[PDB]
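Right, one structure below, let's go through it.
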Amino acid sequence: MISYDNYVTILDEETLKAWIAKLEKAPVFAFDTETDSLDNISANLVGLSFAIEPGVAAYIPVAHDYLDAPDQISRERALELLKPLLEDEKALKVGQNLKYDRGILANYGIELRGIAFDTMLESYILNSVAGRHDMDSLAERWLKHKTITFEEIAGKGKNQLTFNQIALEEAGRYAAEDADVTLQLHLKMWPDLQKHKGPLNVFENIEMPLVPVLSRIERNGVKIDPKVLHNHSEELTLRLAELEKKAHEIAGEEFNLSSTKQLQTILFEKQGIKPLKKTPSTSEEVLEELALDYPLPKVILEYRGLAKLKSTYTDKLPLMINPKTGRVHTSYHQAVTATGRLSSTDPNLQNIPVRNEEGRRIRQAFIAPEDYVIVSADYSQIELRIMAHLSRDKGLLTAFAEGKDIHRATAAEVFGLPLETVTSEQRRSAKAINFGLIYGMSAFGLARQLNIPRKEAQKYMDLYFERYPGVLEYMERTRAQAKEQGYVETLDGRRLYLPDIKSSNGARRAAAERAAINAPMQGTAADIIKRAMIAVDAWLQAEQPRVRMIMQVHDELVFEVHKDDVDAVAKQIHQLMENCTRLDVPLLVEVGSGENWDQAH
Ligand SMILES: [Mg+2]
Ligand SMILES: [Zn+2]
Ligand SMILES: [Zn+2]
Ligand SMILES: [Zn+2]
């Protein structure tokens, strides 16, 4: 158990100063902030904790204000004394999710520098799939130590305390332990992170430098027009009511729009083959086949999609506007995916329909403030370009080199015809093949997406490999080393460990083989995107132009740029993204602008 004896609670300047002096001479030191809220832009700093050595840590409370709280160094005095050390790039700091701490300090005009080690990221790079990368999971895995949980000192549910209400010593145990454990975790993981120059490279030049840029993107937020979202909601209520009527009218009587309950009884009872359509889904969607002739499955399909969208973005988004900035601040997660891509929540920007009109209308609500425009910089089919490079295929490489549509270029080789004549159906077939290779899909899987018979899909796949021999060879070589070393790598050295690569279980080992082929392309896209963000952010920080980097979704970066600066800025973002990342993969950035994200997109 952690008691009051482990860590000191600093309540006087003299003692703070003695610690600042010891911290100034330490090789590295763990740093942590405690606040009254998870909301970064509006959280107030309640205290800070440091650890100079395993077992030697302190908690400096500055804003506890429960009834009769003892005197504390004031927040303003603690920060002015600590400011030099925090802003010194030479004073190296260790922390768990330093993105959060860097932001809190920024609420006071302090720029945390020397952001050298983040234990969450040390863990993530060592093995993205070892388990959760939070401090409690980390402490238990690497230190065989169970940490004090927030719920343990603050309580649970609606009656949970905020940090400023927690007694000094209790807050101390929690805060000082965070700092202590964090430093111990670093001492155990940092040495390990050196056994391989690959992960070390990614951790050092991709992950760590991205910490403060994600903080800045999150705190910048994105301007959302709540009126637009509201009208969209009202209109969707009318449209859903109308569709319900259109459905009732195509059949007889009233009924819910739920399959395997009410639909099979109408749809198949009035002709159609018995199997219902599961919402599995993107492999055999019964309702959408019927859609090409049968009107009911079409209106039930268009209905559900609209209902899901309205409650997920139309009704939720306006509620996410922060009263302090008037903007929405999404949460980017740097250590969650297996491949290295950034994930996103509240809102999950990646789930906003891309090829659909309603998704387009959601995007129309992401607007630019007055005298600014939304600028969208996208990496055109980066994953496919990466595959071209990874497979050393002169065919694909040349298609990209001469600016041809790779899907039509691919179709012209797989079907053997001039590029000008390739039909829409041939392009759609080559496209399914191409993007099917990225996710390592089976000839049968391809057939399930192309609506053709098995072995016909196999026919398209055999013709592809004959024409693009380099891709089969990459695919075979990748599944090979995956079984040899138990993991696959990206161009920068990032690793995806594959434990089920020899699973024996057919399904699991199947998944592990698809992950083997996919991770190097997806992880490499992720690495390039992070390097671009770091590069664009560095220019932003050095030059201070009239631009804010507001989002990262899929392979695009979204900005707010001043209307009178769009041309120069666009030229700049463009050169940075395709010329300041990897020089080996043939990259292309499509830059676009408009009054809203939909227009720029
Ligand atoms: Mg913390
Ligand atoms: Zn803490
Ligand atoms: Zn992509
Ligand atoms: Zn260019």
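Letters A, B, ... mark the chains of the structure tokens in the order given; residue numbers begin at 1 per chain; ligand numbers begin at 1, in order shown.
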
Problem - Selection as a list in words: residues within 12 Å of ligand 4 by only C-alpha atoms and all ligand atoms - result: residues 377, 378, 379, 380, 403, 570, 571, 572, 573, 574, 575, 576, 577, 578, 579, 580, 586, 587, 588, 589, 590 and 591 of chain A

Select from chain A every residue with an atom at most 6 Å from any atom of ligand 2, then for each give the shortest pair of atoms and their distance in Å to one decimal, using only C-alpha atoms and all ligand atoms, rows by chain and rising number, as JSON lines.
{"residue": "A:32", "atom": "CA", "partner": "ligand 2", "partner_atom_place_in_ligand_line": "1 (Zn)", "distance": 5.4}
{"residue": "A:33", "atom": "CA", "partner": "ligand 2", "partner_atom_place_in_ligand_line": "1 (Zn)", "distance": 5.8}
{"residue": "A:34", "atom": "CA", "partner": "ligand 2", "partner_atom_place_in_ligand_line": "1 (Zn)", "distance": 5.4}
{"residue": "A:175", "atom": "CA", "partner": "ligand 2", "partner_atom_place_in_ligand_line": "1 (Zn)", "distance": 4.5}
{"residue": "A:178", "atom": "CA", "partner": "ligand 2", "partner_atom_place_in_ligand_line": "1 (Zn)", "distance": 5.0}

Dump of N, CA and C atoms for the selected residues, as a compact mmCIF listing (two decimals), in the first residue's frame:
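As a result, part_10.txt now contains:
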# COMPACT_ATOMS: atom_id res chain seq x y z
N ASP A 32 4.28 15.17 -13.80
CA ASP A 32 2.85 14.91 -13.92
C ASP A 32 2.05 16.10 -13.37
N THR A 33 0.88 16.35 -13.95
CA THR A 33 0.01 17.43 -13.45
C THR A 33 -1.32 16.79 -13.00
N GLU A 34 -1.98 17.39 -12.02
CA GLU A 34 -3.29 16.91 -11.58
C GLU A 34 -4.21 18.12 -11.80
N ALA A 175 -0.81 11.18 -6.87
CA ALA A 175 0.01 11.98 -7.77
C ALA A 175 1.48 11.62 -7.77
N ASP A 178 2.10 8.31 -9.41
CA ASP A 178 2.07 8.41 -10.88
C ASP A 178 3.47 8.74 -11.37

Exercise for the section: Measuring atom to atom with only C-alpha atoms and all ligand atoms, identify which of A:519, A:23, A:104, A:167 is nearest to ligand 1. Expected result: A:104

With range 319-336 of chain A as the partner and 10 Å as the cut-off, tabulate the residues of range 197-286 of chain A that qualify, each row holding the nearest pair of atoms and their distance in Å to one decimal, using only C-alpha atoms, sorted by chain and rising number, as JSON lines.
{"residue": "A:207", "atom": "CA", "partner": "A:334", "partner_atom": "CA", "distance": 8.0}
{"residue": "A:210", "atom": "CA", "partner": "A:334", "partner_atom": "CA", "distance": 8.8}
{"residue": "A:211", "atom": "CA", "partner": "A:334", "partner_atom": "CA", "distance": 8.4}
{"residue": "A:214", "atom": "CA", "partner": "A:332", "partner_atom": "CA", "distance": 7.1}
{"residue": "A:215", "atom": "CA", "partner": "A:332", "partner_atom": "CA", "distance": 8.9}
{"residue": "A:217", "atom": "CA", "partner": "A:329", "partner_atom": "CA", "distance": 8.5}
{"residue": "A:218", "atom": "CA", "partner": "A:329", "partner_atom": "CA", "distance": 5.5}
{"residue": "A:219", "atom": "CA", "partner": "A:329", "partner_atom": "CA", "distance": 6.4}
{"residue": "A:220", "atom": "CA", "partner": "A:329", "partner_atom": "CA", "distance": 7.3}
{"residue": "A:221", "atom": "CA", "partner": "A:329", "partner_atom": "CA", "distance": 4.3}
{"residue": "A:222", "atom": "CA", "partner": "A:328", "partner_atom": "CA", "distance": 5.3}
{"residue": "A:223", "atom": "CA", "partner": "A:327", "partner_atom": "CA", "distance": 4.9}
{"residue": "A:224", "atom": "CA", "partner": "A:327", "partner_atom": "CA", "distance": 6.5}
{"residue": "A:225", "atom": "CA", "partner": "A:327", "partner_atom": "CA", "distance": 9.2}
{"residue": "A:226", "atom": "CA", "partner": "A:321", "partner_atom": "CA", "distance": 8.5}

Exercise for the section: Give the residues close to ligand 1, within 10 Å, counting only C-alpha atoms and all ligand atoms; write them as a PyMOL selection string. Expected result: chain A and resi 31-35+48-49+95-101+135+175+178-179+182

N, CA and C atoms of the current selection, written as a tab-separated table (two decimals), in the first residue's frame:
chain	number	residue	atom	x	y	z
A	31	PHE	N	7.46	13.82	-14.64
A	31	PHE	CA	6.62	14.99	-14.43
A	31	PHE	C	5.15	14.63	-14.64
A	32	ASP	N	4.28	15.17	-13.80
A	32	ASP	CA	2.85	14.91	-13.92
A	32	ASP	C	2.05	16.10	-13.37
A	33	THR	N	0.88	16.35	-13.95
A	33	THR	CA	0.01	17.43	-13.45
A	33	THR	C	-1.32	16.79	-13.00
A	34	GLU	N	-1.98	17.39	-12.02
A	34	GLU	CA	-3.29	16.91	-11.58
A	34	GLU	C	-4.21	18.12	-11.80
A	35	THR	N	-5.46	17.88	-12.20
A	35	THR	CA	-6.39	18.97	-12.52
A	35	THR	C	-7.81	18.70	-12.05
A	48	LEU	N	0.99	19.49	-9.04
A	48	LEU	CA	2.01	18.90	-9.89
A	48	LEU	C	2.82	17.88	-9.06
A	49	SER	N	3.36	16.86	-9.72
A	49	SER	CA	4.17	15.86	-9.06
A	49	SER	C	5.42	15.59	-9.90
A	95	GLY	N	6.92	11.12	-18.77
A	95	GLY	CA	5.56	11.21	-18.28
A	95	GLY	C	4.70	10.19	-18.98
A	96	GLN	N	3.51	9.92	-18.44
A	96	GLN	CA	2.56	8.99	-19.04
A	96	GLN	C	1.50	9.87	-19.73
A	97	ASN	N	1.47	9.83	-21.05
A	97	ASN	CA	0.55	10.66	-21.85
A	97	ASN	C	0.84	12.14	-21.63
A	98	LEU	N	2.06	12.54	-21.98
A	98	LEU	CA	2.54	13.91	-21.84
A	98	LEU	C	1.73	14.90	-22.65
A	99	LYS	N	0.95	14.40	-23.61
A	99	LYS	CA	0.11	15.26	-24.45
A	99	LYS	C	-0.83	16.04	-23.54
A	100	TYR	N	-1.42	15.34	-22.58
A	100	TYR	CA	-2.34	15.95	-21.64
A	100	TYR	C	-1.65	17.04	-20.79
A	101	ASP	N	-0.47	16.73	-20.24
A	101	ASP	CA	0.27	17.67	-19.38
A	101	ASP	C	0.77	18.92	-20.09
A	135	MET	N	-1.08	3.66	-17.63
A	135	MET	CA	-0.17	3.41	-16.53
A	135	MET	C	-0.49	2.25	-15.61
A	175	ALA	N	-0.81	11.18	-6.87
A	175	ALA	CA	0.01	11.98	-7.77
A	175	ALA	C	1.48	11.62	-7.77
A	178	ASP	N	2.10	8.31	-9.41
A	178	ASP	CA	2.07	8.41	-10.88
A	178	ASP	C	3.47	8.74	-11.37
A	179	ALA	N	4.05	9.77	-10.77
A	179	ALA	CA	5.38	10.22	-11.14
A	179	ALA	C	6.43	9.13	-10.91
A	182	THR	N	5.86	6.09	-13.23
A	182	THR	CA	6.24	6.50	-14.57
A	182	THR	C	7.73	6.43	-14.79

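Ranking A:139, A:92, A:529, A:367 by their shortest atom-to-atom distance to ligand 3, with only C-alpha atoms and all ligand atoms included, puts A:529 first.
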
Per residue of chain A within 9 Å of ligand 3, what are the shortest atom pair and its distance in Å to one decimal, counting only C-alpha atoms and all ligand atoms, with rows by chain and residue number, as CSV?
residue,atom,partner,partner_atom_place_in_ligand_line,distance
A:379,CA,ligand 3,1 (Zn),7.8
A:380,CA,ligand 3,1 (Zn),7.9
A:381,CA,ligand 3,1 (Zn),5.8
A:382,CA,ligand 3,1 (Zn),5.9
A:383,CA,ligand 3,1 (Zn),5.5
A:384,CA,ligand 3,1 (Zn),8.3
A:522,CA,ligand 3,1 (Zn),7.4
A:525,CA,ligand 3,1 (Zn),7.2
A:526,CA,ligand 3,1 (Zn),9.0
A:554,CA,ligand 3,1 (Zn),5.8
A:555,CA,ligand 3,1 (Zn),5.2
A:556,CA,ligand 3,1 (Zn),8.7

Write the residues of the preceding selection, restricted to N, CA and C atoms, as a PDB file, in the first residue's frame.
ATOM      1  N   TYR A 379      -3.393  12.631 -49.090  1.00  0.00           N
ATOM      2  CA  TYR A 379      -2.398  11.777 -49.746  1.00  0.00           C
ATOM      3  C   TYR A 379      -3.213  10.818 -50.619  1.00  0.00           C
ATOM      4  N   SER A 380      -3.214  11.054 -51.935  1.00  0.00           N
ATOM      5  CA  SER A 380      -3.969  10.214 -52.870  1.00  0.00           C
ATOM      6  C   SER A 380      -3.471   8.791 -52.809  1.00  0.00           C
ATOM      7  N   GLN A 381      -4.409   7.892 -52.503  1.00  0.00           N
ATOM      8  CA  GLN A 381      -4.207   6.446 -52.358  1.00  0.00           C
ATOM      9  C   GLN A 381      -2.813   6.037 -51.916  1.00  0.00           C
ATOM     10  N   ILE A 382      -2.401   6.633 -50.804  1.00  0.00           N
ATOM     11  CA  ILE A 382      -1.095   6.400 -50.231  1.00  0.00           C
ATOM     12  C   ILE A 382      -0.816   4.917 -50.003  1.00  0.00           C
ATOM     13  N   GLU A 383      -1.814   4.158 -49.542  1.00  0.00           N
ATOM     14  CA  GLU A 383      -1.606   2.738 -49.282  1.00  0.00           C
ATOM     15  C   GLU A 383      -1.256   1.939 -50.526  1.00  0.00           C
ATOM     16  N   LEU A 384      -1.843   2.334 -51.658  1.00  0.00           N
ATOM     17  CA  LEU A 384      -1.597   1.673 -52.936  1.00  0.00           C
ATOM     18  C   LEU A 384      -0.214   2.061 -53.459  1.00  0.00           C
ATOM     19  N   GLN A 522      -0.379  -0.055 -44.170  1.00  0.00           N
ATOM     20  CA  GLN A 522      -1.143   0.820 -43.295  1.00  0.00           C
ATOM     21  C   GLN A 522      -0.232   1.532 -42.273  1.00  0.00           C
ATOM     22  N   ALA A 525       1.677   4.147 -44.015  1.00  0.00           N
ATOM     23  CA  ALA A 525       0.864   5.334 -44.303  1.00  0.00           C
ATOM     24  C   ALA A 525       0.839   6.131 -43.002  1.00  0.00           C
ATOM     25  N   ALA A 526       0.534   5.457 -41.886  1.00  0.00           N
ATOM     26  CA  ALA A 526       0.510   6.098 -40.569  1.00  0.00           C
ATOM     27  C   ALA A 526       1.822   6.837 -40.278  1.00  0.00           C
ATOM     28  N   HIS A 554      -8.143   9.830 -41.653  1.00  0.00           N
ATOM     29  CA  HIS A 554      -7.688   8.967 -42.751  1.00  0.00           C
ATOM     30  C   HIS A 554      -6.326   9.451 -43.253  1.00  0.00           C
ATOM     31  N   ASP A 555      -6.189   9.716 -44.553  1.00  0.00           N
ATOM     32  CA  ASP A 555      -4.910  10.196 -45.085  1.00  0.00           C
ATOM     33  C   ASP A 555      -4.889  11.684 -45.377  1.00  0.00           C
ATOM     34  N   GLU A 556      -5.682  12.465 -44.648  1.00  0.00           N
ATOM     35  CA  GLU A 556      -5.720  13.890 -44.904  1.00  0.00           C
ATOM     36  C   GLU A 556      -5.526  14.701 -43.650  1.00  0.00           C
TER      37      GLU A 556
END

Handout entry: Long-range neighbours of residue 170 in chain A as a ChimeraX atom specification, 12 Å cut-off, only C-alpha atoms, 2 positions minimum in chain
Key = /A:2-9,59,61,64,148-150,152-154,163-168,172-177

Could those residues be written to a file, using N, CA and C atoms, as a PDB file, in the first residue's frame?
ATOM      1  N   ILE A   2       0.399   2.279  -0.663  1.00  0.00           N
ATOM      2  CA  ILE A   2       1.138   3.534  -0.622  1.00  0.00           C
ATOM      3  C   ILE A   2       0.541   4.283   0.589  1.00  0.00           C
ATOM      4  N   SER A   3       1.421   4.819   1.425  1.00  0.00           N
ATOM      5  CA  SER A   3       0.978   5.561   2.585  1.00  0.00           C
ATOM      6  C   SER A   3       1.493   6.980   2.448  1.00  0.00           C
ATOM      7  N   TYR A   4       1.367   7.737   3.532  1.00  0.00           N
ATOM      8  CA  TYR A   4       1.805   9.132   3.590  1.00  0.00           C
ATOM      9  C   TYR A   4       3.316   9.269   3.791  1.00  0.00           C
ATOM     10  N   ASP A   5       3.974   8.146   4.070  1.00  0.00           N
ATOM     11  CA  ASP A   5       5.418   8.102   4.301  1.00  0.00           C
ATOM     12  C   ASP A   5       6.256   8.046   3.009  1.00  0.00           C
ATOM     13  N   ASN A   6       5.688   7.502   1.942  1.00  0.00           N
ATOM     14  CA  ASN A   6       6.414   7.353   0.691  1.00  0.00           C
ATOM     15  C   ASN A   6       6.870   8.637   0.039  1.00  0.00           C
ATOM     16  N   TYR A   7       5.934   9.561  -0.119  1.00  0.00           N
ATOM     17  CA  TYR A   7       6.213  10.781  -0.834  1.00  0.00           C
ATOM     18  C   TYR A   7       5.948  12.031  -0.036  1.00  0.00           C
ATOM     19  N   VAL A   8       6.772  13.027  -0.270  1.00  0.00           N
ATOM     20  CA  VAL A   8       6.648  14.266   0.443  1.00  0.00           C
ATOM     21  C   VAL A   8       5.596  15.160  -0.211  1.00  0.00           C
ATOM     22  N   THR A   9       4.905  15.950   0.608  1.00  0.00           N
ATOM     23  CA  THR A   9       3.920  16.908   0.124  1.00  0.00           C
ATOM     24  C   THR A   9       4.570  18.284   0.343  1.00  0.00           C
ATOM     25  N   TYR A  59       4.690  15.652  -4.309  1.00  0.00           N
ATOM     26  CA  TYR A  59       3.435  16.223  -4.796  1.00  0.00           C
ATOM     27  C   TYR A  59       3.364  17.661  -4.294  1.00  0.00           C
ATOM     28  N   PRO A  61       0.730  20.448  -4.057  1.00  0.00           N
ATOM     29  CA  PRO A  61      -0.676  20.869  -4.237  1.00  0.00           C
ATOM     30  C   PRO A  61      -0.694  22.387  -4.371  1.00  0.00           C
ATOM     31  N   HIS A  64      -6.015  22.953  -3.999  1.00  0.00           N
ATOM     32  CA  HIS A  64      -7.029  22.153  -3.317  1.00  0.00           C
ATOM     33  C   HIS A  64      -7.828  23.183  -2.511  1.00  0.00           C
ATOM     34  N   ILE A 148      -2.635   3.097  -7.509  1.00  0.00           N
ATOM     35  CA  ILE A 148      -3.834   3.685  -6.945  1.00  0.00           C
ATOM     36  C   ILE A 148      -4.598   4.226  -8.136  1.00  0.00           C
ATOM     37  N   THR A 149      -5.852   3.845  -8.190  1.00  0.00           N
ATOM     38  CA  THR A 149      -6.727   4.225  -9.268  1.00  0.00           C
ATOM     39  C   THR A 149      -7.414   5.574  -8.978  1.00  0.00           C
ATOM     40  N   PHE A 150      -7.795   6.307 -10.016  1.00  0.00           N
ATOM     41  CA  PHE A 150      -8.447   7.592  -9.805  1.00  0.00           C
ATOM     42  C   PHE A 150      -9.732   7.386  -9.004  1.00  0.00           C
ATOM     43  N   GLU A 152     -10.280   5.276  -6.853  1.00  0.00           N
ATOM     44  CA  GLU A 152      -9.927   4.994  -5.455  1.00  0.00           C
ATOM     45  C   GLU A 152      -9.803   6.230  -4.581  1.00  0.00           C
ATOM     46  N   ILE A 153      -9.310   7.335  -5.148  1.00  0.00           N
ATOM     47  CA  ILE A 153      -9.196   8.569  -4.371  1.00  0.00           C
ATOM     48  C   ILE A 153     -10.358   9.541  -4.583  1.00  0.00           C
ATOM     49  N   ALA A 154     -10.999   9.472  -5.749  1.00  0.00           N
ATOM     50  CA  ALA A 154     -12.092  10.391  -6.090  1.00  0.00           C
ATOM     51  C   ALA A 154     -13.511   9.864  -5.926  1.00  0.00           C
ATOM     52  N   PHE A 163     -10.326  16.597  -8.309  1.00  0.00           N
ATOM     53  CA  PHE A 163      -9.074  16.624  -7.553  1.00  0.00           C
ATOM     54  C   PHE A 163      -8.861  17.688  -6.476  1.00  0.00           C
ATOM     55  N   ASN A 164      -9.402  18.873  -6.703  1.00  0.00           N
ATOM     56  CA  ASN A 164      -9.272  19.981  -5.766  1.00  0.00           C
ATOM     57  C   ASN A 164     -10.016  19.730  -4.454  1.00  0.00           C
ATOM     58  N   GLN A 165     -10.883  18.723  -4.449  1.00  0.00           N
ATOM     59  CA  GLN A 165     -11.669  18.392  -3.270  1.00  0.00           C
ATOM     60  C   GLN A 165     -11.060  17.265  -2.460  1.00  0.00           C
ATOM     61  N   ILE A 166     -10.023  16.634  -2.993  1.00  0.00           N
ATOM     62  CA  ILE A 166      -9.376  15.517  -2.338  1.00  0.00           C
ATOM     63  C   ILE A 166      -8.345  16.027  -1.339  1.00  0.00           C
ATOM     64  N   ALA A 167      -8.292  15.394  -0.174  1.00  0.00           N
ATOM     65  CA  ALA A 167      -7.352  15.809   0.868  1.00  0.00           C
ATOM     66  C   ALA A 167      -5.923  15.790   0.328  1.00  0.00           C
ATOM     67  N   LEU A 168      -5.121  16.745   0.778  1.00  0.00           N
ATOM     68  CA  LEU A 168      -3.728  16.887   0.369  1.00  0.00           C
ATOM     69  C   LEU A 168      -2.893  15.604   0.310  1.00  0.00           C
ATOM     70  N   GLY A 172      -1.707  13.422  -2.708  1.00  0.00           N
ATOM     71  CA  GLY A 172      -0.281  13.177  -2.748  1.00  0.00           C
ATOM     72  C   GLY A 172       0.080  11.737  -3.084  1.00  0.00           C
ATOM     73  N   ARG A 173      -0.521  10.762  -2.395  1.00  0.00           N
ATOM     74  CA  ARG A 173      -0.248   9.344  -2.665  1.00  0.00           C
ATOM     75  C   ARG A 173      -0.470   9.008  -4.142  1.00  0.00           C
ATOM     76  N   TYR A 174      -1.610   9.445  -4.671  1.00  0.00           N
ATOM     77  CA  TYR A 174      -1.969   9.197  -6.073  1.00  0.00           C
ATOM     78  C   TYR A 174      -1.021   9.891  -7.067  1.00  0.00           C
ATOM     79  N   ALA A 175      -0.808  11.185  -6.866  1.00  0.00           N
ATOM     80  CA  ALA A 175       0.006  11.977  -7.768  1.00  0.00           C
ATOM     81  C   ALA A 175       1.477  11.624  -7.766  1.00  0.00           C
ATOM     82  N   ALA A 176       2.056  11.463  -6.567  1.00  0.00           N
ATOM     83  CA  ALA A 176       3.484  11.111  -6.431  1.00  0.00           C
ATOM     84  C   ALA A 176       3.757   9.696  -6.947  1.00  0.00           C
ATOM     85  N   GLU A 177       2.812   8.790  -6.730  1.00  0.00           N
ATOM     86  CA  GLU A 177       2.928   7.439  -7.253  1.00  0.00           C
ATOM     87  C   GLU A 177       2.943   7.466  -8.792  1.00  0.00           C
TER      88      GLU A 177
END

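Comparing A:306, A:78, A:206, A:263 by their smallest distance to residue 533 in chain A, the closest is A:206 (using only C-alpha atoms).
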
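For the residues A:267, A:105, A:21, A:362, ranking by smallest atom-to-atom distance to residue 349 in chain A using only C-alpha atoms places A:362 first.
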